[PDB]
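The chain contents come next:
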Amino acid sequence: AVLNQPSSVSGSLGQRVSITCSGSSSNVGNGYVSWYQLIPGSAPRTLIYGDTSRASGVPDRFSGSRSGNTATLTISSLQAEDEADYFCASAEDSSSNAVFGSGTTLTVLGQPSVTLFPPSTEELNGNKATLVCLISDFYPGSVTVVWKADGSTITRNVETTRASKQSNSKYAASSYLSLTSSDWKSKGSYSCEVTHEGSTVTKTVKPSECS
Amino acid sequence: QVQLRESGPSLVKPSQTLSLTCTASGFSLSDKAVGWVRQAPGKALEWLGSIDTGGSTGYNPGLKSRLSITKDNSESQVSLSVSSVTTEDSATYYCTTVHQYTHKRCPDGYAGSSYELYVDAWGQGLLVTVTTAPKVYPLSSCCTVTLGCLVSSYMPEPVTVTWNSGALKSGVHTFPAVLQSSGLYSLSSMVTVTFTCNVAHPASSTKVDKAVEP
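The rules we used
- Residues numbered from 1 in each chain as written, not as in the entry; some residues may be left out.
- Chains lettered and ligands numbered in written order.
- Heavy atoms only, no water.
- Residues with missing side-chain atoms left out of burial classes, pairs and counts.
- UniProt positions renumbered as here; feature names shortened; annotations may be inferred.
- Helix = DSSP H or I, 4+ residues; strand = E, 2+ residues; numbered from the N terminus.
- Rg over C-alpha atoms; globule rule 2.2 N^0.38 Å.
- Pairing = 2+ DSSP bridges.
- Core = buried A, V, L, I, M, F, W, Y, C linked by side-chain atoms within 4.5 Å.
- Buried < 20%, exposed > 50% of the residue type's maximum accessible area, 1.4 Å probe, protein only.
- Salt bridge = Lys/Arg side-chain N within 4 Å of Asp/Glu carboxyl O.
- Contact = heavy atoms within 4.5 Å.
- Domains from an automatic or database assignment.
- Disulfide = S-S within 2.5 Å.

Taking the PDB entry as the reference, chain B is identified by name as Bovine ultralong antibody BOV-1 Heavy chain belonging to Bos taurus. The title assigned to this entry in its PDB record is "The crystal structure of bovine ultralong antibody BOV-1".

As annotated in the PDB entry, chain A carries the name Bovine ultralong antibody BOV-1 light chain and is attributed to Bos taurus. Recorded in UniProt for chain A, the comment headed Subcellular location (unreviewed entry) runs: "Cell membrane". Database annotation for chain A, UniProt heading Subunit (unreviewed entry): "Immunoglobulins are composed of two identical heavy chains and two identical light chains; disulfide-linked."

Could you give me a rundown of the overall build of chain A, with the residues and numbers involved?
Summing up its helical and strand segments, chain A has one helix and 19 strands in all. Over its C-alpha atoms chain A spans a radius of gyration of 24 Å, topping by over 25% the 17 Å that the globule rule assigns to 211 residues. Taking the principal axes of the C-alpha coordinates as reference, chain A spans close to 70 × 35 × 30 Å.

Explain the overall build of chain B residue by residue, including any values.
When you go through chain B residue by residue, the secondary structure sums to zero helices and 19 strands. Relative to the 2.2 N^0.38 estimate, which gives 17 Å for 214 residues, the radius of gyration of chain B is 22 Å and therefore markedly larger than a compact globule would have. Considering only C-alpha atoms, chain B reaches an extent of 85 × 40 × 35 Å along its principal axes.

Quick rundown of the pairing of strand β12 (residues 128-138) of chain A? Include the residues and the values.
Residues and elements named next belong to chain A. The pairing of strand β11 (residues 114-117) with β12 spans four bridges and is antiparallel. Counted as the bridge partner of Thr115 is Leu134 from β12. Two strands pair when backbone bridges link them, and β12 and strand β17 (residues 171-180) are joined in this way by nine bridges, in the antiparallel orientation. Note on β17: the bridge partner recorded for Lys128 is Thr180.

Give me the lowdown on the nonpolar core, citing residues and values where you can.
Membership of the largest hydrophobic core comes to 26 residues, with the highest contact counts inside it found for B:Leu18, B:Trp36, B:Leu67, B:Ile69, B:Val78, B:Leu80 and B:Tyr93. Looking at this core, the elements that each hand over two or more residues are β2 (18-25), β3 (33-39), β4 (45-51), β6 (67-72), β7 (77-82), β8 (91-103) and β10 (126-128) of chain B. Examining the composition of this core, we find that four residues originate from one element, β2(B), more than from any other. By size, the runner-up hydrophobic cluster in this structure holds 22 residues, among which are A:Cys21, A:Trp35, A:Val58 and A:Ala71.

Got a sec to walk through the pattern of salt bridges? Specific residues and values, please.
All names here are of chain A. Counted under the stated rule, the structure contains eight salt bridges over all chains. For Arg66, the salt bridge goes to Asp51, with nearest N and O atoms at 3.3 Å. Pair noted here: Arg66 is in strand β6 (residues 62-67) and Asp51 is in the loop between β4 (45-49) and β5 (53-54), with a separation of 15 residues, a long-range link. Overall, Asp51 belongs to the buried group, its relative accessible area being 13%. The shortest N-O distance in the salt bridge between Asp82 and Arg61 comes to 3.1 Å. Remark: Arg61 occurs in the loop between β5 and β6 and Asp82 occurs in the loop between β7 (70-76) and β8 (85-91); sequence separation between them is 21 residues. Residue classification places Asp82 among the buried positions, given a relative accessible area of 0%.

Which residues make up the environment of A:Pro140, and what values go with them?
All names here are of chain A. Relative to the assigned elements, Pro140 resides in the loop between β12 and β13 (144-149). Separated by 31 residues in sequence, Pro140 and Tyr171 have C-alpha atoms that sit 6.9 Å apart. Apart from residues lying up to four places away in sequence, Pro140 is in contact with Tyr171, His196 and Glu197.

Any chance you could break down unusual backbone geometry for me, citing the residues and the numbers?
Between A:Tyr139 and A:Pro140 the backbone carries a cis peptide bond, its omega angle lying at 0°. At the junction of B:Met155 and B:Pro156, the peptide bond is cis and its omega measures out at -5° in the coordinates. By the element assignment, B:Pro156 lies in the loop between β12 (146-152) and β13 (160-163). The residue A:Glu197 is not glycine, and still its phi comes out positive at about 60°. A:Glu197 gets classed as exposed once you look at its relative accessible area, which sits at 63%.

Got a sec to walk through the domain arrangement of chain A? Specific residues and values, please.
Looking at the assigned domains, one finds that chain A contains domain 1 (1-110) and domain 2 (111-207). At the junction of the two partners, domain 1 of chain A supplies seven residues and domain 2 of chain A supplies six residues.

Describe the state of the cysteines, listing the residues and the values that go with them.
Residues and elements named next belong to chain A. Following the criterion strictly, the structure yields five disulfides over all chains and no others. Linked covalently through their sulfurs, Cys21 and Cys88 form a disulfide whose S-S length is 2.0 Å. Taking the sign of the torsion about the S-S bond as the criterion, the disulfide between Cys21 and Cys88, at about 75°, is right-handed. Separated by 67 residues along the polypeptide, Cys21 in strand β2 (residues 16-22) and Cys88 in strand β8 bring together distant segments of the chain. With respect to class, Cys21 is no different from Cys88; both count as buried.

Below you can see the structure in the form of C-alpha cells.
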C-alpha cells in the first residue's frame, strides 16, 4: 500500500524541521528507509537511503534518522531551494516490491510583473483572437486575475492556470481570454489587472492603437 | 555520465496496452537493476516493477497481472507493459536504477529476512495521458523588448519549446498550459531581450518553425 506522512508541513527559513514517515514492523520496522525530493519541473532526486546514509551530492544538512516504526527526515538550515514534496519508501515482503509514502509538501515561511500580448495578426485571419496575459516571479502564489474592458469587468472566456513552481522557488501562471476578432474590436481598451498581496500590477492594450 | 532515456507513446486509448522503452546510456544492464516508478497527477509515487541483472522479475503485487517487464542487454534497453489500461493509469512514468538486497537477520548469538530496495538514479518522466496538433502564433508587444510564441489548442500533453534550435537558452520562460473548457491546452514560451521558436508535439509527431518579429 503506502506509508504515512503529514502530507503538508511548514517551517521557517534557516530553522530546523522534521518530516515523519511511520509504518509497520514489516516495512519501516525492518528499517531500510529511503527518502526522495521532488521539485516541480525537475526529476526526483534521491536523498537518504538505508535510514541514515546520504546519497550522491546530498549535503549533510539533510539528515536521516529512525526510531523504531517511525523514520524521520530532518532538514537543517531551510532554504527556498528546499520547498518540494518529500517521499519516503521501504521494501515490503520482498526485495522486488517497494512501498512509498503519501509525501509531504515542504513550505519555507520566512522568505519575502506581467507582460500582456495581443493576438497575432495571423490568428485574426480565422476570425479568432486570444489575449495572453503571462505573469511570472511573484511570491507567494495567490493572484487574482480580472480582465477589464473600458472600465467594466469581463467574465466570459476567462481561462487561468493555477500557480506553478518555477526553478527559482517562485510561482508563475498564465491566463487566457479566448475571444473572436469581432468583439475584440468592440471595446476601446482591455486591461489585465492581477493582484498580489494587495498590489495591482496592470498591463493594458488598445486594439486600434496597436495594429 | 549515467542517464536513463524514457521513450514511448505519450497517448494511449482505453482497454489497450501501453508500452514504453527505457534507453540506458552510461552503464551496463548486466551491472545494475532497473525499476519502474510512476506518479499519478495528484498522487504519490507508485511502485510498478523491477528487473535485476540476472533476468529475474518482481512487480507490485496489486499490478502483477497487468504488468510485464523484459530487457535486452544488446540494445541496453528495458521494456514495460501495462495491459488493459483505464483512465486513471495516465501518469508520469519514471525509469530508474534500483539496488535490491535481501538482508538476513538471525538472533544476536548467531531464520529471518529484512528486505531492502531504493532508487539510485531517476529518469526524467514522460507523461502518458490516456489526437490534436497545435497551432503556432507569434506574439509581440503593443506600441528591453519582450517577444512571444503562442501555441494554441493541442491535445494531449506535452509540448517541448526551444528558441533557434536550442541555441537560445537565455531569458526564456515556458509557462504552464491552461485547461480550457474545450479540453484543449494552450501554453506560451516568452523570451526577453531572427528569432524562430521550435515547437514539437510527441503525440501528433508535428514539428513547426515560426519566426517572431515586432
